[PDB]
file coords-v4.txt (compact mmCIF, N, CA and C atoms)
# COMPACT_ATOMS: atom_id res chain seq x y z
N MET W 1508 144.53 104.32 -149.01
CA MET W 1508 144.49 102.87 -148.81
C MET W 1508 144.49 102.59 -147.33
N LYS W 1509 143.34 102.15 -146.83
CA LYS W 1509 143.12 101.82 -145.41
C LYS W 1509 143.32 103.04 -144.50
N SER W 1510 143.07 104.21 -145.03
CA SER W 1510 143.17 105.43 -144.27
C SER W 1510 141.76 105.92 -143.99
N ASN W 1511 141.36 105.86 -142.74
CA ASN W 1511 139.98 106.12 -142.35
C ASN W 1511 139.51 107.55 -142.50
N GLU W 1512 140.39 108.47 -142.80
CA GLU W 1512 139.95 109.83 -143.00
C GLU W 1512 139.58 110.08 -144.46
N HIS W 1513 139.59 109.02 -145.28
CA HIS W 1513 139.17 109.14 -146.70
C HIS W 1513 138.80 107.82 -147.40
N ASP W 1514 139.27 106.69 -146.90
CA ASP W 1514 138.98 105.42 -147.56
C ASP W 1514 137.72 104.77 -147.05
N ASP W 1515 137.76 104.30 -145.84
CA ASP W 1515 136.65 103.54 -145.28
C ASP W 1515 136.17 104.13 -143.99
N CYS W 1516 134.93 103.87 -143.70
CA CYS W 1516 134.26 104.41 -142.57
C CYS W 1516 133.74 103.33 -141.66
N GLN W 1517 134.66 102.69 -141.02
CA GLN W 1517 134.36 101.67 -140.08
C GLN W 1517 135.33 101.82 -138.93
N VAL W 1518 134.85 101.61 -137.75
CA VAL W 1518 135.66 101.78 -136.57
C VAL W 1518 135.42 100.59 -135.65
N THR W 1519 136.41 100.16 -134.94
CA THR W 1519 136.28 98.98 -134.13
C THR W 1519 136.21 99.31 -132.65
N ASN W 1520 135.29 98.68 -131.95
CA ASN W 1520 135.21 98.78 -130.50
C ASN W 1520 136.32 97.93 -129.93
N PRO W 1521 137.31 98.53 -129.28
CA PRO W 1521 138.46 97.79 -128.76
C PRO W 1521 138.10 96.87 -127.58
N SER W 1522 136.89 97.02 -127.06
CA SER W 1522 136.45 96.25 -125.92
C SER W 1522 135.91 94.89 -126.37
N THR W 1523 134.93 94.88 -127.27
CA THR W 1523 134.35 93.63 -127.73
C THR W 1523 134.99 93.16 -129.04
N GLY W 1524 135.62 94.09 -129.73
CA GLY W 1524 136.22 93.77 -131.01
C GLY W 1524 135.23 93.91 -132.15
N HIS W 1525 134.08 94.49 -131.86
CA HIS W 1525 133.04 94.68 -132.86
C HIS W 1525 133.37 95.85 -133.76
N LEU W 1526 133.52 95.55 -135.01
CA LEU W 1526 133.76 96.52 -136.03
C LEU W 1526 132.41 97.12 -136.41
N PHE W 1527 132.33 98.42 -136.37
CA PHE W 1527 131.13 99.12 -136.73
C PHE W 1527 131.33 99.71 -138.12
N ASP W 1528 130.69 99.14 -139.10
CA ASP W 1528 130.77 99.66 -140.45
C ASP W 1528 129.46 100.33 -140.80
N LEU W 1529 129.51 101.61 -141.03
CA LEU W 1529 128.29 102.35 -141.31
C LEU W 1529 128.12 102.63 -142.79
N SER W 1530 128.73 101.80 -143.64
CA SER W 1530 128.64 101.99 -145.09
C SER W 1530 127.21 101.67 -145.57
N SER W 1531 126.45 101.02 -144.72
CA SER W 1531 125.06 100.73 -144.96
C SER W 1531 124.27 102.05 -145.04
N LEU W 1532 124.68 103.02 -144.22
CA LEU W 1532 124.00 104.30 -144.08
C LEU W 1532 124.59 105.34 -145.04
N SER W 1533 125.36 104.88 -145.98
CA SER W 1533 126.02 105.72 -146.95
C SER W 1533 125.09 106.22 -148.07
N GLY W 1534 123.85 106.48 -147.71
CA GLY W 1534 122.88 107.02 -148.63
C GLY W 1534 123.22 108.44 -149.02
N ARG W 1535 124.10 108.56 -150.00
CA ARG W 1535 124.58 109.84 -150.49
C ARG W 1535 123.50 110.67 -151.15
N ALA W 1536 122.34 110.07 -151.37
CA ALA W 1536 121.19 110.79 -151.88
C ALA W 1536 120.67 111.81 -150.85
N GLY W 1537 121.02 111.60 -149.59
CA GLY W 1537 120.70 112.57 -148.58
C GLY W 1537 119.54 112.19 -147.68
N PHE W 1538 119.86 111.70 -146.50
CA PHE W 1538 118.86 111.45 -145.48
C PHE W 1538 118.40 112.80 -144.99
N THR W 1539 117.13 112.99 -144.92
CA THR W 1539 116.63 114.28 -144.57
C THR W 1539 116.16 114.32 -143.11
N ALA W 1540 116.90 115.03 -142.29
CA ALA W 1540 116.53 115.28 -140.92
C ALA W 1540 116.03 116.71 -140.82
N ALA W 1541 114.73 116.87 -140.84
CA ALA W 1541 114.11 118.18 -140.89
C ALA W 1541 114.31 118.99 -139.61
N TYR W 1542 114.28 120.30 -139.78
CA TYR W 1542 114.39 121.26 -138.69
C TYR W 1542 113.04 121.94 -138.54
N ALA W 1543 112.48 122.29 -139.66
CA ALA W 1543 111.18 122.91 -139.76
C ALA W 1543 110.62 122.50 -141.10
N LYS W 1544 109.30 122.57 -141.25
CA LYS W 1544 108.64 122.19 -142.48
C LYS W 1544 109.20 122.94 -143.67
N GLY W 1545 109.84 122.20 -144.53
CA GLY W 1545 110.38 122.73 -145.74
C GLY W 1545 111.88 122.71 -145.75
N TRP W 1546 112.49 122.82 -144.59
CA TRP W 1546 113.92 122.87 -144.52
C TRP W 1546 114.50 122.03 -143.40
N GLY W 1547 115.30 121.10 -143.81
CA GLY W 1547 115.96 120.23 -142.90
C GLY W 1547 117.39 120.03 -143.29
N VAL W 1548 117.94 118.96 -142.83
CA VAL W 1548 119.29 118.58 -143.09
C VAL W 1548 119.34 117.39 -144.02
N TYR W 1549 120.03 117.54 -145.11
CA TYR W 1549 120.24 116.46 -146.05
C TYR W 1549 121.62 115.91 -145.79
N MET W 1550 121.72 114.83 -145.08
CA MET W 1550 123.03 114.29 -144.75
C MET W 1550 123.25 112.90 -145.30
N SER W 1551 124.47 112.61 -145.57
CA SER W 1551 124.88 111.30 -145.99
C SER W 1551 125.90 110.79 -144.99
N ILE W 1552 125.79 109.53 -144.61
CA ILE W 1552 126.71 108.94 -143.65
C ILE W 1552 127.83 108.27 -144.41
N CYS W 1553 128.95 108.98 -144.54
CA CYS W 1553 130.11 108.49 -145.28
C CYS W 1553 129.78 108.33 -146.76
N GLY W 1554 130.05 109.36 -147.51
CA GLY W 1554 129.69 109.35 -148.87
C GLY W 1554 129.26 110.70 -149.29
N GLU W 1555 130.00 111.28 -150.19
CA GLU W 1555 129.72 112.59 -150.71
C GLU W 1555 128.31 112.71 -151.28
N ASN W 1556 127.54 113.59 -150.66
CA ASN W 1556 126.13 113.83 -150.94
C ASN W 1556 125.92 114.27 -152.39
N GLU W 1557 125.19 113.44 -153.13
CA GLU W 1557 124.90 113.67 -154.54
C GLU W 1557 123.68 114.59 -154.75
N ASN W 1558 122.98 114.93 -153.68
CA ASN W 1558 121.79 115.80 -153.79
C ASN W 1558 122.27 117.23 -153.92
N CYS W 1559 123.34 117.51 -153.23
CA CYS W 1559 123.97 118.79 -153.28
C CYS W 1559 125.23 118.65 -154.15
N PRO W 1560 126.09 119.69 -154.32
CA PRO W 1560 127.38 119.52 -155.01
C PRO W 1560 128.19 118.39 -154.35
N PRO W 1561 128.66 117.41 -155.14
CA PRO W 1561 129.39 116.25 -154.63
C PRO W 1561 130.60 116.66 -153.82
N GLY W 1562 130.70 116.13 -152.64
CA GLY W 1562 131.77 116.47 -151.75
C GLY W 1562 131.24 116.96 -150.43
N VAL W 1563 130.03 117.47 -150.45
CA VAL W 1563 129.39 117.92 -149.23
C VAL W 1563 128.88 116.69 -148.46
N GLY W 1564 128.84 116.78 -147.15
CA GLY W 1564 128.36 115.68 -146.35
C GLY W 1564 126.95 115.89 -145.89
N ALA W 1565 126.62 117.12 -145.59
CA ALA W 1565 125.31 117.47 -145.11
C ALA W 1565 124.92 118.84 -145.61
N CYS W 1566 123.66 119.03 -145.87
CA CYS W 1566 123.14 120.30 -146.34
C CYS W 1566 122.03 120.75 -145.41
N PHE W 1567 121.98 122.01 -145.11
CA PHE W 1567 121.00 122.55 -144.19
C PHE W 1567 120.22 123.62 -144.92
N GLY W 1568 118.94 123.68 -144.67
CA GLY W 1568 118.15 124.72 -145.25
C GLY W 1568 117.73 124.40 -146.66
N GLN W 1569 117.00 125.30 -147.24
CA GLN W 1569 116.51 125.15 -148.59
C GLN W 1569 117.48 125.72 -149.62
N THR W 1570 118.40 126.59 -149.20
CA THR W 1570 119.27 127.24 -150.17
C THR W 1570 120.51 126.40 -150.57
N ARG W 1571 121.57 126.46 -149.78
CA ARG W 1571 122.81 125.76 -150.12
C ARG W 1571 123.76 125.75 -148.91
N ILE W 1572 123.20 125.72 -147.71
CA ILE W 1572 124.02 125.72 -146.51
C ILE W 1572 124.68 124.37 -146.35
N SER W 1573 125.97 124.36 -146.32
CA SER W 1573 126.72 123.17 -146.18
C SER W 1573 127.00 122.93 -144.71
N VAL W 1574 126.72 121.74 -144.25
CA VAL W 1574 126.93 121.40 -142.87
C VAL W 1574 128.19 120.53 -142.77
N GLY W 1575 129.10 120.80 -143.67
CA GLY W 1575 130.37 120.16 -143.64
C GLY W 1575 130.67 119.33 -144.87
N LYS W 1576 131.94 119.12 -145.07
CA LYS W 1576 132.49 118.31 -146.13
C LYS W 1576 132.25 116.85 -145.76
N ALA W 1577 132.02 116.01 -146.73
CA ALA W 1577 131.74 114.62 -146.49
C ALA W 1577 132.98 113.89 -146.00
N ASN W 1578 133.08 113.71 -144.71
CA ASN W 1578 134.16 112.96 -144.12
C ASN W 1578 133.79 111.50 -144.09
N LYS W 1579 134.77 110.65 -144.10
CA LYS W 1579 134.53 109.22 -143.98
C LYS W 1579 135.15 108.72 -142.70
N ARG W 1580 135.59 109.65 -141.88
CA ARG W 1580 136.28 109.31 -140.66
C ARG W 1580 135.31 109.02 -139.53
N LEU W 1581 134.85 107.79 -139.50
CA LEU W 1581 134.00 107.31 -138.44
C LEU W 1581 134.84 107.11 -137.19
N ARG W 1582 134.41 107.70 -136.11
CA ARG W 1582 135.14 107.65 -134.85
C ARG W 1582 134.31 106.93 -133.83
N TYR W 1583 134.94 106.47 -132.79
CA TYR W 1583 134.25 105.87 -131.69
C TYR W 1583 134.69 106.57 -130.43
N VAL W 1584 133.83 107.40 -129.90
CA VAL W 1584 134.13 108.17 -128.72
C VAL W 1584 132.96 108.14 -127.77
N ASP W 1585 133.24 108.06 -126.49
CA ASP W 1585 132.23 108.07 -125.42
C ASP W 1585 131.14 107.04 -125.67
N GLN W 1586 131.58 105.86 -126.12
CA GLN W 1586 130.74 104.70 -126.42
C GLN W 1586 129.70 104.98 -127.52
N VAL W 1587 129.96 105.96 -128.36
CA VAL W 1587 129.10 106.29 -129.47
C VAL W 1587 129.95 106.47 -130.71
N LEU W 1588 129.35 106.34 -131.85
CA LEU W 1588 130.07 106.54 -133.07
C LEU W 1588 129.92 107.99 -133.43
N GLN W 1589 130.97 108.62 -133.82
CA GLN W 1589 130.91 110.03 -134.07
C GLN W 1589 131.48 110.39 -135.43
N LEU W 1590 130.69 111.10 -136.18
CA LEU W 1590 131.06 111.64 -137.47
C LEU W 1590 130.95 113.14 -137.42
N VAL W 1591 132.04 113.81 -137.63
CA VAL W 1591 132.01 115.25 -137.66
C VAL W 1591 132.34 115.77 -139.06
N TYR W 1592 131.39 116.47 -139.64
CA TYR W 1592 131.55 117.04 -140.96
C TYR W 1592 131.85 118.51 -140.84
N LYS W 1593 133.10 118.88 -140.98
CA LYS W 1593 133.49 120.28 -140.86
C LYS W 1593 133.66 120.91 -142.22
N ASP W 1594 133.87 122.20 -142.19
CA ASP W 1594 134.09 123.05 -143.36
C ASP W 1594 132.92 123.02 -144.34
N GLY W 1595 131.84 123.62 -143.94
CA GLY W 1595 130.72 123.78 -144.84
C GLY W 1595 130.31 125.23 -144.97
N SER W 1596 129.69 125.73 -143.95
CA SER W 1596 129.34 127.13 -143.87
C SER W 1596 130.35 127.86 -142.96
N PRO W 1597 131.04 128.88 -143.49
CA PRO W 1597 132.05 129.66 -142.77
C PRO W 1597 131.41 130.73 -141.86
N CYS W 1598 130.43 130.29 -141.10
CA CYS W 1598 129.61 131.11 -140.19
C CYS W 1598 130.40 132.14 -139.39
N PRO W 1599 130.04 133.43 -139.52
CA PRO W 1599 130.58 134.47 -138.68
C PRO W 1599 129.92 134.36 -137.31
N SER W 1600 130.62 133.80 -136.36
CA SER W 1600 130.05 133.53 -135.07
C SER W 1600 131.07 133.80 -133.95
N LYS W 1601 130.79 133.30 -132.74
CA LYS W 1601 131.61 133.52 -131.57
C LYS W 1601 132.98 132.91 -131.81
N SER W 1602 133.02 131.66 -132.21
CA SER W 1602 134.26 131.08 -132.60
C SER W 1602 134.25 131.03 -134.13
N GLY W 1603 133.09 130.75 -134.73
CA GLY W 1603 132.99 130.81 -136.18
C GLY W 1603 133.91 129.82 -136.86
N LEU W 1604 133.85 128.59 -136.40
CA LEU W 1604 134.68 127.53 -136.92
C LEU W 1604 134.20 127.19 -138.32
N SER W 1605 133.15 126.42 -138.36
CA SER W 1605 132.45 126.05 -139.54
C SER W 1605 131.17 125.42 -139.06
N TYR W 1606 130.16 125.40 -139.90
CA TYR W 1606 128.84 124.77 -139.62
C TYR W 1606 128.90 123.25 -139.57
N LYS W 1607 129.84 122.74 -138.82
CA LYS W 1607 130.08 121.33 -138.70
C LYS W 1607 128.91 120.58 -138.04
N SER W 1608 128.65 119.42 -138.57
CA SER W 1608 127.65 118.56 -138.03
C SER W 1608 128.34 117.45 -137.27
N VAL W 1609 127.89 117.22 -136.07
CA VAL W 1609 128.41 116.14 -135.25
C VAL W 1609 127.32 115.10 -135.09
N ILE W 1610 127.51 114.00 -135.74
CA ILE W 1610 126.57 112.93 -135.72
C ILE W 1610 127.02 111.93 -134.67
N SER W 1611 126.23 111.75 -133.65
CA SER W 1611 126.52 110.80 -132.63
C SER W 1611 125.57 109.60 -132.77
N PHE W 1612 126.13 108.48 -133.09
CA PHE W 1612 125.39 107.26 -133.28
C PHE W 1612 125.29 106.52 -131.97
N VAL W 1613 124.09 106.35 -131.51
CA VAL W 1613 123.82 105.73 -130.24
C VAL W 1613 123.16 104.38 -130.48
N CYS W 1614 123.63 103.38 -129.74
CA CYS W 1614 123.12 102.02 -129.81
C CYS W 1614 121.64 101.98 -129.49
N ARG W 1615 120.89 101.30 -130.33
CA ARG W 1615 119.49 101.10 -130.14
C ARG W 1615 119.03 99.96 -131.03
N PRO W 1616 118.85 98.76 -130.48
CA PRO W 1616 118.39 97.59 -131.25
C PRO W 1616 116.98 97.77 -131.82
N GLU W 1617 116.21 98.68 -131.22
CA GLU W 1617 114.83 98.91 -131.65
C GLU W 1617 114.75 100.07 -132.63
N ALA W 1618 115.87 100.40 -133.20
CA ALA W 1618 115.98 101.49 -134.13
C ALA W 1618 115.84 101.02 -135.56
N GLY W 1619 114.90 100.13 -135.79
CA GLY W 1619 114.62 99.67 -137.12
C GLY W 1619 113.98 100.77 -137.95
N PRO W 1620 112.70 101.10 -137.68
CA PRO W 1620 112.00 102.16 -138.41
C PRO W 1620 112.37 103.57 -137.92
N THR W 1621 112.98 103.63 -136.76
CA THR W 1621 113.39 104.87 -136.15
C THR W 1621 114.88 105.14 -136.41
N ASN W 1622 115.39 104.50 -137.45
CA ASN W 1622 116.77 104.60 -137.86
C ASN W 1622 116.97 105.86 -138.71
N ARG W 1623 116.91 106.97 -138.06
CA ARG W 1623 116.99 108.27 -138.71
C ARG W 1623 117.78 109.21 -137.80
N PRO W 1624 118.46 110.21 -138.37
CA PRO W 1624 119.21 111.18 -137.58
C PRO W 1624 118.29 112.26 -137.04
N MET W 1625 118.43 112.57 -135.80
CA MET W 1625 117.61 113.59 -135.20
C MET W 1625 118.47 114.69 -134.65
N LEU W 1626 118.15 115.92 -135.01
CA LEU W 1626 118.86 117.08 -134.53
C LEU W 1626 118.47 117.35 -133.08
N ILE W 1627 119.42 117.19 -132.21
CA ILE W 1627 119.22 117.32 -130.79
C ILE W 1627 119.24 118.78 -130.39
N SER W 1628 120.27 119.46 -130.78
CA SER W 1628 120.44 120.85 -130.44
C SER W 1628 121.28 121.52 -131.52
N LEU W 1629 121.12 122.81 -131.64
CA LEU W 1629 121.81 123.58 -132.64
C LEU W 1629 122.59 124.65 -131.91
N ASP W 1630 123.88 124.48 -131.81
CA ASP W 1630 124.69 125.48 -131.16
C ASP W 1630 125.19 126.44 -132.20
N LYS W 1631 124.70 127.66 -132.16
CA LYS W 1631 125.03 128.64 -133.19
C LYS W 1631 126.42 129.26 -132.96
N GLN W 1632 126.95 129.08 -131.76
CA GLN W 1632 128.20 129.73 -131.35
C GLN W 1632 129.40 128.97 -131.87
N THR W 1633 129.35 127.68 -131.73
CA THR W 1633 130.40 126.85 -132.25
C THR W 1633 129.95 126.23 -133.58
N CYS W 1634 128.78 126.69 -134.05
CA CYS W 1634 128.18 126.30 -135.34
C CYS W 1634 128.09 124.80 -135.48
N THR W 1635 127.60 124.15 -134.47
CA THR W 1635 127.58 122.73 -134.47
C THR W 1635 126.16 122.19 -134.41
N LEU W 1636 125.84 121.37 -135.37
CA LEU W 1636 124.59 120.68 -135.41
C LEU W 1636 124.77 119.33 -134.75
N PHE W 1637 124.14 119.15 -133.62
CA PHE W 1637 124.27 117.91 -132.85
C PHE W 1637 123.19 116.93 -133.27
N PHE W 1638 123.59 115.85 -133.87
CA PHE W 1638 122.66 114.84 -134.30
C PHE W 1638 122.85 113.58 -133.53
N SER W 1639 121.77 112.92 -133.25
CA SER W 1639 121.80 111.64 -132.63
C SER W 1639 121.09 110.68 -133.57
N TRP W 1640 121.75 109.59 -133.87
CA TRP W 1640 121.18 108.60 -134.73
C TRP W 1640 121.06 107.33 -133.92
N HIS W 1641 119.87 106.83 -133.77
CA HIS W 1641 119.66 105.59 -133.07
C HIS W 1641 119.94 104.47 -134.04
N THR W 1642 120.94 103.70 -133.77
CA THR W 1642 121.32 102.64 -134.65
C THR W 1642 121.79 101.41 -133.87
N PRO W 1643 121.37 100.21 -134.31
CA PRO W 1643 121.78 98.95 -133.72
C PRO W 1643 123.21 98.59 -134.14
N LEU W 1644 123.72 99.30 -135.14
CA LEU W 1644 125.07 99.07 -135.62
C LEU W 1644 126.08 99.62 -134.64
N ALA W 1645 125.67 100.60 -133.85
CA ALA W 1645 126.56 101.23 -132.87
C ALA W 1645 126.57 100.46 -131.56
N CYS W 1646 125.91 99.34 -131.54
CA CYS W 1646 125.86 98.51 -130.37
C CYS W 1646 127.13 97.70 -130.24
N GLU W 1647 127.72 97.75 -129.08
CA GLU W 1647 128.91 97.04 -128.82
C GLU W 1647 128.59 95.65 -128.29
N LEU W 1648 128.21 94.81 -129.19
CA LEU W 1648 127.94 93.45 -128.86
C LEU W 1648 129.19 92.64 -129.09
N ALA W 1649 129.26 91.52 -128.46
CA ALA W 1649 130.35 90.61 -128.64
C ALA W 1649 130.08 89.80 -129.89
call {"tool": "encode", "arguments": {"input": "coords-v4.txt", "output": "structure tokens"}}
result
Amino acid sequence: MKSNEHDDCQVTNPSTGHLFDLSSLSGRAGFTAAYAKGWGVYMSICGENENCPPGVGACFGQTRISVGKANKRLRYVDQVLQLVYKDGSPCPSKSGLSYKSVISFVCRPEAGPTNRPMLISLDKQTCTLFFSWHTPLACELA
């Protein structure tokens, strides 16, 4: 109840007071941010992904690579909205944390048709998929 790590996924900009609710992007069917033809990332923004086993937040590849558990903990850090989905693939790596996806939502009023998550970089060492989503919802307007 009102606990952002499981109830709701909205975070408030303490500067303007703008509440950023990304429940609009809660397409649990899986937004597909491709990596290569045939295999991309099936992610849901706050909402257990129904395309894969329910509970997963993002899926990578064609097989069953989990890019983290579906967290609802929308954060606001470095003037961007950040969603980190940890505990998916237990990757044997340098640190080998988990194949966590870090979705960084960046303000962009012109992100109407370009309102999609884009994989910026793939760090295999810390197993982190860096996504940038251009969204007007992440805009700190008054």
call {"tool": "closest_residue", "arguments": {"input": "coords-v4.txt", "among": "W:1630, W:1528, W:1585, W:1647", "to": "residue W:1606", "atoms": "only C-alpha atoms"}}
result
W:1630
call {"tool": "select_by_dssp", "arguments": {"input": "coords-v4.txt", "residues": "chain W", "states": "strand (DSSP E)", "output": "short mmCIF file (atom, residue, chain, number, x, y, z; two decimals) with N, CA and C atoms, in the frame of the given file"}}
result
data_model
loop_
_atom_site.label_atom_id
_atom_site.label_comp_id
_atom_site.auth_asym_id
_atom_site.auth_seq_id
_atom_site.Cartn_x
_atom_site.Cartn_y
_atom_site.Cartn_z
N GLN W 1517 134.66 102.69 -141.02
CA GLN W 1517 134.36 101.67 -140.08
C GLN W 1517 135.33 101.82 -138.93
N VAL W 1518 134.85 101.61 -137.75
CA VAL W 1518 135.66 101.78 -136.57
C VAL W 1518 135.42 100.59 -135.65
N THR W 1519 136.41 100.16 -134.94
CA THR W 1519 136.28 98.98 -134.13
C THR W 1519 136.21 99.31 -132.65
N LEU W 1526 133.52 95.55 -135.01
CA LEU W 1526 133.76 96.52 -136.03
C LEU W 1526 132.41 97.12 -136.41
N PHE W 1527 132.33 98.42 -136.37
CA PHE W 1527 131.13 99.12 -136.73
C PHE W 1527 131.33 99.71 -138.12
N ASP W 1528 130.69 99.14 -139.10
CA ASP W 1528 130.77 99.66 -140.45
C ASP W 1528 129.46 100.33 -140.80
N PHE W 1538 119.86 111.70 -146.50
CA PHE W 1538 118.86 111.45 -145.48
C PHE W 1538 118.40 112.80 -144.99
N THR W 1539 117.13 112.99 -144.92
CA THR W 1539 116.63 114.28 -144.57
C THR W 1539 116.16 114.32 -143.11
N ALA W 1540 116.90 115.03 -142.29
CA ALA W 1540 116.53 115.28 -140.92
C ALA W 1540 116.03 116.71 -140.82
N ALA W 1541 114.73 116.87 -140.84
CA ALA W 1541 114.11 118.18 -140.89
C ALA W 1541 114.31 118.99 -139.61
N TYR W 1542 114.28 120.30 -139.78
CA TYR W 1542 114.39 121.26 -138.69
C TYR W 1542 113.04 121.94 -138.54
N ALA W 1543 112.48 122.29 -139.66
CA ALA W 1543 111.18 122.91 -139.76
C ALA W 1543 110.62 122.50 -141.10
N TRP W 1546 112.49 122.82 -144.59
CA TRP W 1546 113.92 122.87 -144.52
C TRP W 1546 114.50 122.03 -143.40
N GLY W 1547 115.30 121.10 -143.81
CA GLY W 1547 115.96 120.23 -142.90
C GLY W 1547 117.39 120.03 -143.29
N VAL W 1548 117.94 118.96 -142.83
CA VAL W 1548 119.29 118.58 -143.09
C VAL W 1548 119.34 117.39 -144.02
N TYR W 1549 120.03 117.54 -145.11
CA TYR W 1549 120.24 116.46 -146.05
C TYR W 1549 121.62 115.91 -145.79
N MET W 1550 121.72 114.83 -145.08
CA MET W 1550 123.03 114.29 -144.75
C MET W 1550 123.25 112.90 -145.30
N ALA W 1565 126.62 117.12 -145.59
CA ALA W 1565 125.31 117.47 -145.11
C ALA W 1565 124.92 118.84 -145.61
N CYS W 1566 123.66 119.03 -145.87
CA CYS W 1566 123.14 120.30 -146.34
C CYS W 1566 122.03 120.75 -145.41
N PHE W 1567 121.98 122.01 -145.11
CA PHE W 1567 121.00 122.55 -144.19
C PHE W 1567 120.22 123.62 -144.92
N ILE W 1572 123.20 125.72 -147.71
CA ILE W 1572 124.02 125.72 -146.51
C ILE W 1572 124.68 124.37 -146.35
N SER W 1573 125.97 124.36 -146.32
CA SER W 1573 126.72 123.17 -146.18
C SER W 1573 127.00 122.93 -144.71
N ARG W 1582 134.41 107.70 -136.11
CA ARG W 1582 135.14 107.65 -134.85
C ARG W 1582 134.31 106.93 -133.83
N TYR W 1583 134.94 106.47 -132.79
CA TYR W 1583 134.25 105.87 -131.69
C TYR W 1583 134.69 106.57 -130.43
N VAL W 1584 133.83 107.40 -129.90
CA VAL W 1584 134.13 108.17 -128.72
C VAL W 1584 132.96 108.14 -127.77
N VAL W 1587 129.96 105.96 -128.36
CA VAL W 1587 129.10 106.29 -129.47
C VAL W 1587 129.95 106.47 -130.71
N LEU W 1588 129.35 106.34 -131.85
CA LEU W 1588 130.07 106.54 -133.07
C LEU W 1588 129.92 107.99 -133.43
N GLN W 1589 130.97 108.62 -133.82
CA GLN W 1589 130.91 110.03 -134.07
C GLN W 1589 131.48 110.39 -135.43
N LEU W 1590 130.69 111.10 -136.18
CA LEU W 1590 131.06 111.64 -137.47
C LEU W 1590 130.95 113.14 -137.42
N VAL W 1591 132.04 113.81 -137.63
CA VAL W 1591 132.01 115.25 -137.66
C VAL W 1591 132.34 115.77 -139.06
N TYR W 1592 131.39 116.47 -139.64
CA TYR W 1592 131.55 117.04 -140.96
C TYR W 1592 131.85 118.51 -140.84
N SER W 1608 128.65 119.42 -138.57
CA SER W 1608 127.65 118.56 -138.03
C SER W 1608 128.34 117.45 -137.27
N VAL W 1609 127.89 117.22 -136.07
CA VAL W 1609 128.41 116.14 -135.25
C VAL W 1609 127.32 115.10 -135.09
N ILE W 1610 127.51 114.00 -135.74
CA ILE W 1610 126.57 112.93 -135.72
C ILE W 1610 127.02 111.93 -134.67
N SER W 1611 126.23 111.75 -133.65
CA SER W 1611 126.52 110.80 -132.63
C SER W 1611 125.57 109.60 -132.77
N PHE W 1612 126.13 108.48 -133.09
CA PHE W 1612 125.39 107.26 -133.28
C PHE W 1612 125.29 106.52 -131.97
N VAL W 1613 124.09 106.35 -131.51
CA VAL W 1613 123.82 105.73 -130.24
C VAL W 1613 123.16 104.38 -130.48
N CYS W 1614 123.63 103.38 -129.74
CA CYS W 1614 123.12 102.02 -129.81
C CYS W 1614 121.64 101.98 -129.49
N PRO W 1624 118.46 110.21 -138.37
CA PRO W 1624 119.21 111.18 -137.58
C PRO W 1624 118.29 112.26 -137.04
N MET W 1625 118.43 112.57 -135.80
CA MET W 1625 117.61 113.59 -135.20
C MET W 1625 118.47 114.69 -134.65
N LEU W 1626 118.15 115.92 -135.01
CA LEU W 1626 118.86 117.08 -134.53
C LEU W 1626 118.47 117.35 -133.08
N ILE W 1627 119.42 117.19 -132.21
CA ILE W 1627 119.22 117.32 -130.79
C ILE W 1627 119.24 118.78 -130.39
N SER W 1628 120.27 119.46 -130.78
CA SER W 1628 120.44 120.85 -130.44
C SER W 1628 121.28 121.52 -131.52
N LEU W 1629 121.12 122.81 -131.64
CA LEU W 1629 121.81 123.58 -132.64
C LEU W 1629 122.59 124.65 -131.91
N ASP W 1630 123.88 124.48 -131.81
CA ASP W 1630 124.69 125.48 -131.16
C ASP W 1630 125.19 126.44 -132.20
N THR W 1635 127.60 124.15 -134.47
CA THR W 1635 127.58 122.73 -134.47
C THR W 1635 126.16 122.19 -134.41
N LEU W 1636 125.84 121.37 -135.37
CA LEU W 1636 124.59 120.68 -135.41
C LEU W 1636 124.77 119.33 -134.75
N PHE W 1637 124.14 119.15 -133.62
CA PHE W 1637 124.27 117.91 -132.85
C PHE W 1637 123.19 116.93 -133.27
N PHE W 1638 123.59 115.85 -133.87
CA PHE W 1638 122.66 114.84 -134.30
C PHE W 1638 122.85 113.58 -133.53
N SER W 1639 121.77 112.92 -133.25
CA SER W 1639 121.80 111.64 -132.63
C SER W 1639 121.09 110.68 -133.57
N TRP W 1640 121.75 109.59 -133.87
CA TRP W 1640 121.18 108.60 -134.73
C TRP W 1640 121.06 107.33 -133.92
N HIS W 1641 119.87 106.83 -133.77
CA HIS W 1641 119.66 105.59 -133.07
C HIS W 1641 119.94 104.47 -134.04
N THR W 1642 120.94 103.70 -133.77
CA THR W 1642 121.32 102.64 -134.65
C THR W 1642 121.79 101.41 -133.87
#
call {"tool": "residues_around", "arguments": {"input": "coords-v4.txt", "residues": "residue W:1635", "least_positions_apart": "4", "cutoff": "6.5 Å", "atoms": "all atoms listed in the file", "output": "number ranges by chain"}}
result
W: 1605-1609, 1628-1631
call {"tool": "write_last_selection", "arguments": {"input": "coords-v4.txt", "atoms": "N, CA and C atoms", "output": "compact mmCIF listing (two decimals), keeping the file's coordinate frame"}}
result
# COMPACT_ATOMS: atom_id res chain seq x y z
N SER W 1605 133.15 126.42 -138.36
CA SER W 1605 132.45 126.05 -139.54
C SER W 1605 131.17 125.42 -139.06
N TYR W 1606 130.16 125.40 -139.90
CA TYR W 1606 128.84 124.77 -139.62
C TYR W 1606 128.90 123.25 -139.57
N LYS W 1607 129.84 122.74 -138.82
CA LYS W 1607 130.08 121.33 -138.70
C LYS W 1607 128.91 120.58 -138.04
N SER W 1608 128.65 119.42 -138.57
CA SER W 1608 127.65 118.56 -138.03
C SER W 1608 128.34 117.45 -137.27
N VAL W 1609 127.89 117.22 -136.07
CA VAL W 1609 128.41 116.14 -135.25
C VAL W 1609 127.32 115.10 -135.09
N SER W 1628 120.27 119.46 -130.78
CA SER W 1628 120.44 120.85 -130.44
C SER W 1628 121.28 121.52 -131.52
N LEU W 1629 121.12 122.81 -131.64
CA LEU W 1629 121.81 123.58 -132.64
C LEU W 1629 122.59 124.65 -131.91
N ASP W 1630 123.88 124.48 -131.81
CA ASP W 1630 124.69 125.48 -131.16
C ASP W 1630 125.19 126.44 -132.20
N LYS W 1631 124.70 127.66 -132.16
CA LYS W 1631 125.03 128.64 -133.19
C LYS W 1631 126.42 129.26 -132.96
